[PDB]
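First the structure, in the form of structure tokens, and then the observations on it.
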Amino acid sequence: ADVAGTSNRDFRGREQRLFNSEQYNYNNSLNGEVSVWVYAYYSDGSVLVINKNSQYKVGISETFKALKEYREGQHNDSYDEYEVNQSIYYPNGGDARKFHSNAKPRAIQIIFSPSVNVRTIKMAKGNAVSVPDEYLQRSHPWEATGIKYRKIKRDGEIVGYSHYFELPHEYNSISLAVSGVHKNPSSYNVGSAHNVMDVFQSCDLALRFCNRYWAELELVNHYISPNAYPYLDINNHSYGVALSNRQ
Amino acid sequence: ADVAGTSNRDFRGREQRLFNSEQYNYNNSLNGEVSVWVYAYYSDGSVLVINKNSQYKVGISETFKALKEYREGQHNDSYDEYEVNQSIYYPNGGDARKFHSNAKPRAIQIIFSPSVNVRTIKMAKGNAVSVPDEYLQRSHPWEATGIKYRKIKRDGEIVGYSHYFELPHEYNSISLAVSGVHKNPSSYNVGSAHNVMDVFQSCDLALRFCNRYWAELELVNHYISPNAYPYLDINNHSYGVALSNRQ
Amino acid sequence: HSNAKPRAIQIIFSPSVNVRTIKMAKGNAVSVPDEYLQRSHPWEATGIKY
Amino acid sequence: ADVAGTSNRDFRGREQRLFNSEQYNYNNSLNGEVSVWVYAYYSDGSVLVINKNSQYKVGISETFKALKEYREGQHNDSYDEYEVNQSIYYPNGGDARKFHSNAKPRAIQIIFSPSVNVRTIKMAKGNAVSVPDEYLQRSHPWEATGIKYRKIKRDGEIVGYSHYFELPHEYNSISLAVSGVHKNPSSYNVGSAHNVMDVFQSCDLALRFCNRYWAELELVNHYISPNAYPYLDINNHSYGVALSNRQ
Ligand SMILES: [Cl-]
Ligand SMILES: [Cl-]
Ligand SMILES: [Cl-]
């Protein structure tokens with residue numbers, strides 16, 4: 001045989017490159033996944049991740065209450081935190097024994113897979129009683145925030161999209177939904193009559209994941225890295241795997 | 001300048017009237033919210049509210065178990081209430097230490113925003129095992145109950161729609177879903193191929209809210225009133241804000 | 001991160017203090033002023049910062 | 001340049017030696033720290049360390065009760081140990097359910113920094129009700145125990161001073177204070193009128209540290225060694241760092 005890495009007859013090398021390119025390209029096909037992650041960052045350094053993975057379109061929607069820190073199998077101040085919610089829903093509405101709940105998120109990162117069309121991204125960032133813009137009567141039910149998403153890059157390849165906003169003020173009390181549509185450069189509408197019931201089935205087939213990690217390090221090590229997910233850490237360092245035309 | 005409230009040159013007055021009219025009219029546009037509330041009334045005087053706010057269409061769906069009273073951070077008889085559910089799902093199926101669970105709702109009020117089309121309203125009022133009409137085989141999955149909705153009015157303006165039914169009998173054991181479609185007097189179908197993926201995204205963008213209030217007074221004071229929501233109290237008194245062509 | 005950890009310290013003296021006498025020992029978590037005892041001045045005169 | 005370690009022009013080498021000598025010599029200046037450690041050894045192998053670090057003079061004073069083992073966040077027999085204290089303060093004064101409290105120290109090691117003057121060391125080893133010598137009326141409030149202190153040595157340099165006494169008998173029930181003065185070979189009295197208010201301020205500026213370590217190994221590894229402290233372990237092995245005229 002020819003010697004490795006010296007000719008066009010390195011079939012091992014050609015198949016390795018095709019195997020990675022096929023994964024990149026299958027994800028961006030209408031057969032492929034589109035994925036979203038919401039990361040809620042707590043003052044104790046822990047991170048709630050909510051992930052959803054589906055065909056055609058994907059989204060996450062969470063109440064104010066649902067985004068607050070919950071430590072499985074430890075004390076949570078569950079009675080005082082009910083009182084906190086009453087004081088967040090209406091000023092002086094509660095009888096809590098604290099000024100600021102440490103269960104409140106300090107920040108949100110939203111990440112989309114590279115199979116999203118950025119121009120389709122929509123966010124409903126609500127007040128604590130799940131109203132997008134002060135009152136329902138004057139509320140557009142979403143904002144198109146695609147222009148704010150940064151490219152997560154590894155080796156010059158887009159491996160995901162990140163929108164990050166801090167909640168460092170006492171009045172940063174939010175409900176949150178986000179939504180993106182899978183890339184479709186074709187003129188076959190996946191929602192046309194031919195395929196619309198497949199899109200309805202995708203709503204039931206979407207897989208959800210939720211976990212609280214103790215630290216960003218543990219998130220990078222045991223969640224982002226093993227699953228080849230894209231990520232952007234507090235030091236602006238990019239994680240993910242470049243696949244397109246790569247060994 | 002002209003004197004206030006004496007001529008057509010009161011621009012402050014004209015802009016105030018337009019500001020309110022624009023809110024009324026934006027809500028009823030296809031860009032606007034349609035909202036539903038389910039109120040579950042308990043014997044202890046507390047009220048569970050479930051709210052959902054979305055574009056194009058909106059709904060709530062709850063199991064028998066999910067509508068039962070839950071007091072965050074207090075004792076709930078959690079083991080005996082598992083036993084109650086077994087005796088509700090099948091006669092003599094449980095080993096509870098009580099005849100009647102006080103966690104069972106005594107009544108339900110369903111309220112829709114004034115941006116709903118009443119003729120689109122649909123309700124699935126199920127038995128305790130989530131079957132609409134005795135057996136699945138003979139079940140229509142919904143009833144069109146729009147004719148039963150009363151107009152919530154303030155100053156002669158429709159500010160919402162109310163359907164109220166009591167559950168005062170031992171055999172009133174229910175699961176519950178309700179659904180309404182946003183007003184669309186146009187011949188642009190929001191579900192046509194052009195916009196259907198926007199309707200799929202609205203399913204992910206819908207914002208949910210859920211809270212147990214200790215009393216109707218607290219609900220009116222700290223939930224209905226501050227958010228300019230419509231409401232109908234046990235004394236048949238109407239709440240909401242009239243906006244159309246009003247200062 | 002323990003939420004019990006202080007996020008800030010304010011030190012206030014009455015107006016009867018002489019500011020030039022003020023001394024602070026801001027130690028590490030094992031109560032050593034400056035990295036090791038051997039090289040530690042037991043205080044800093046921080047009056048100029050008040 | 002000259003080659004490393006072959007001439008008097010190794011300035012790297014000369015600065016390394018000066019850096020260590022300056023630390024040794026600064027500690028022994030009147031600007032420097034004088035430090036004391038009390039180690040209380042428990043039957044379960046754990047060790048309470050109390051450290052104090054101050055200018056000019058330093059001391060520790062602890063009640064019988066304060067030297068007993070306390071396990072943060074575990075059960076301590078807190079009611080029965082109140083009863084033990086009553087039976088220690090006066091024979092048959094208590095109603096404890098045990099002959100010997102395992103919270104009682106089995107031994108004490110007192111260590112001073114090498115900046116102490118050994119001839120200034122004073123100890124008040126009291127009975128369980130904090131009386132130095134049987135009755136207050138006949139009590140000298142201290143003993144000058146300097147002659148009993150062993151030199152902790154590394155590489156022929158004194159890195160600290162150790163006095164160790166076991167408490168292996170049932171009647172070994174003690175309160176304890178110890179005190180040493182910083183080296184002052186000069187005839188400038190740090191307590192003269194010129195500097196006495198600086199010595200008063202040193203009383204407020206003194207830094208205290210207290211922790212229970214699970215084992216002598218953990219004490220050597222995570223307390224003694226990282227802080228360059230002197231120590232003498234149960235096997236008579238010396239710890240510390242020699243600094244004087246050393247690289
Ligand atoms: Cl395709
Ligand atoms: Cl419109
Ligand atoms: Cl000096």
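By convention in this document, the chains of the structure tokens carry letters A, B, ... by their order, each chain's residues are numbered from 1, and ligands are numbered from 1 in the order they are shown.
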Select, as an mmCIF file with C-alpha atoms, in the first residue's frame, those residues of chain D with any atom no more than 9 Å from chain C (distances computed using only C-alpha atoms).
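What follows is the written file part28.cif:
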data_model
loop_
_atom_site.group_PDB
_atom_site.id
_atom_site.type_symbol
_atom_site.label_atom_id
_atom_site.label_comp_id
_atom_site.auth_asym_id
_atom_site.auth_seq_id
_atom_site.Cartn_x
_atom_site.Cartn_y
_atom_site.Cartn_z
ATOM 1 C CA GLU D 22 15.394 39.707 55.237
ATOM 2 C CA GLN D 23 12.251 37.616 56.190
ATOM 3 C CA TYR D 24 14.103 35.948 59.133
ATOM 4 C CA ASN D 25 15.485 39.334 60.307
ATOM 5 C CA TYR D 26 12.222 41.388 59.752
ATOM 6 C CA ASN D 27 10.291 38.899 61.994
ATOM 7 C CA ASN D 28 12.870 39.566 64.839
ATOM 8 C CA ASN D 31 8.166 45.918 63.448
ATOM 9 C CA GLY D 32 7.703 42.101 63.281
ATOM 10 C CA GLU D 33 5.085 39.543 64.415
ATOM 11 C CA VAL D 34 5.266 37.366 67.540
ATOM 12 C CA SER D 35 2.914 34.338 67.316
ATOM 13 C CA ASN D 51 -3.376 30.854 66.898
ATOM 14 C CA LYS D 52 -2.759 34.530 67.723
ATOM 15 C CA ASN D 53 -0.385 36.869 65.780
ATOM 16 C CA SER D 54 0.468 40.360 67.052
ATOM 17 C CA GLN D 55 3.204 42.988 67.371
ATOM 18 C CA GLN D 201 -3.428 49.411 69.495
ATOM 19 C CA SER D 202 -1.525 46.045 68.981
ATOM 20 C CA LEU D 205 -4.886 44.613 65.905
ATOM 21 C CA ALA D 206 -3.915 41.053 66.990
ATOM 22 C CA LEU D 207 -5.413 38.467 64.534
ATOM 23 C CA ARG D 208 -6.932 35.241 65.936
ATOM 24 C CA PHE D 209 -7.451 31.879 64.144
ATOM 25 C CA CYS D 210 -9.270 28.748 65.474
ATOM 26 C CA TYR D 223 -2.140 24.124 58.384
ATOM 27 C CA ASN D 227 1.916 28.668 56.186
ATOM 28 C CA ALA D 228 5.650 27.885 56.909
ATOM 29 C CA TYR D 229 4.729 27.378 60.633
#
### Message
Need the shell around residue 17 in chain D: protein/DNA/RNA residues with any atom at most 10 Å away, counting only C-alpha atoms. Skip same-chain ones fewer than 5 positions apart. Format as a PyMOL selection string?
### Response
chain D and resi 11-12+22+243-247
Could you write out that same residue set with N, CA and C atoms as a compact mmCIF listing (two decimals), in the first residue's frame?
# COMPACT_ATOMS: atom_id res chain seq x y z
N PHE D 11 24.08 37.13 40.89
CA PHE D 11 23.18 38.10 41.57
C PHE D 11 21.82 37.45 41.88
N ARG D 12 21.30 36.63 40.97
CA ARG D 12 20.11 35.76 41.23
C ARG D 12 20.31 35.04 42.57
N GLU D 22 16.25 38.53 54.93
CA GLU D 22 15.39 39.71 55.24
C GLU D 22 14.11 39.25 55.96
N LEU D 243 15.57 29.98 57.20
CA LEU D 243 15.58 31.16 56.30
C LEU D 243 16.89 31.94 56.39
N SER D 244 17.58 31.89 57.54
CA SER D 244 18.74 32.78 57.84
C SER D 244 19.95 32.41 56.98
N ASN D 245 20.35 33.30 56.08
CA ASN D 245 21.53 33.13 55.20
C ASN D 245 21.37 31.86 54.36
N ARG D 246 20.15 31.53 53.93
CA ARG D 246 19.86 30.30 53.13
C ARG D 246 19.20 30.67 51.81
N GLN D 247 19.51 29.92 50.76
CA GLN D 247 18.76 29.93 49.47
C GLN D 247 17.57 28.96 49.58
### Task
Could you check which of B:7, B:184, B:20, B:92 is closest to ligand 2, using only C-alpha atoms and all ligand atoms?
B:184
### Task
Select residues of chain A: the criterion is any atom within 7 Å of an atom of chain B, counting only C-alpha atoms; output as a PyMOL selection string.
chain A and resi 59-61+63+78-79+82+90+93+124+129-130+135-141+177-179+191-192
### Task
Write down as a ChimeraX atom specification the residues of range 46-179 of chain A whose backbone DSSP state falls under alpha helix (DSSP H).
/A:64-67,78-89
Take the residues from that selection and write them out as a compact mmCIF listing (two decimals), in the first residue's frame, keeping C-alpha atoms.
# COMPACT_ATOMS: atom_id res chain seq x y z
CA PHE A 64 -39.94 33.39 37.41
CA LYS A 65 -40.38 30.68 40.10
CA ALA A 66 -38.97 27.85 37.85
CA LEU A 67 -35.68 29.78 37.14
CA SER A 78 -39.26 26.73 50.92
CA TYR A 79 -41.74 28.75 53.14
CA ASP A 80 -39.65 32.03 53.11
CA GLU A 81 -39.17 31.65 49.26
CA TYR A 82 -43.00 31.45 48.81
CA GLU A 83 -43.03 34.80 50.75
CA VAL A 84 -40.22 36.15 48.42
CA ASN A 85 -42.35 35.29 45.30
CA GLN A 86 -45.30 37.27 46.86
CA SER A 87 -42.96 40.35 47.36
CA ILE A 88 -41.62 39.98 43.72
CA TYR A 89 -45.15 39.63 42.17
### Message
If DSSP is run on the backbone, what residues of range 2-233 of chain B are strand (DSSP E or B)? A reply as an MDAnalysis selection string would be ideal.
### Response
chainID B and resid 33:41 47:55 57:62 107:112 116:126 143 150:154 157:166 175:182 207:213 231:232
